[PDB]
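Notes follow once the structure below has been shown.
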Amino acid sequence: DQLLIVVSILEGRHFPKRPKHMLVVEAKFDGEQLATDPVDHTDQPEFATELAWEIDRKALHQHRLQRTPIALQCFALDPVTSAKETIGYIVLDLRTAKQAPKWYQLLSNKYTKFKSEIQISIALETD
């Protein structure tokens, strides 16, 4: 079967309310970049998106060996101008790949007084 690495980005918490702005999460794995839709920049933003990468059984073994990360980058989007500003990052571990979702703190968070976090699960699926 064709294998899928699937990252489910669920909701956020402890984010400042920015009424003119949206949030986008981008994720990159072995050079392939995916993104969520923009969602409202509330305190608990609702991403509710699955990002999935096709991978061979064999390539997956190499990546587990070298501990290849999945890099997530969180952006505040201005829908009037299309301006994106990086707000912070999250790094996911392939070894984590159903398992319960975990809450990940945004690293290098530009919202210095908020411990913003986004709940994420990662799994290996078929098809």
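Remarks
- Computed P(r) (all Cα pairs; the chain; 5 Å bins; percent): 2, 11, 22, 23, 17, 12, 8, 4, 1, 0
- Helical contribution to [θ] at 222 nm, DSSP H n ≥ 4, -39,500 (n - 2.57), averaged over the chain, rounded to 500: -2500 deg cm²/dmol
- Only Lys, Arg, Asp and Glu carry charge here, each on its Cβ (+1 for the first two, -1 for the last two); on that basis the chain has a dipole of about 660 debye about its Cα centre.
- Proximal charge balance of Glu117 [Cβ under 11 Å; K/R count +1, D/E count -1]: +2
- Close amide H contacts of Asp30 (hydrogens built in the peptide plane, cut-off under 5 Å, sequence separation of 5 or more or a different chain): none are found.
- Checking every one of the trypsin sites (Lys or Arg not before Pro) in segment 1-38 against DSSP loop status and a limit of 11 other Cβ atoms within 10 Å picks out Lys17, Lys20.
Note: ideal-geometry Cβ built from the backbone for every residue, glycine included; neighbour counts use all protein chains shown. Taken together, the values in this text are just the output of simple stated rules run on the coordinates, not laboratory data.
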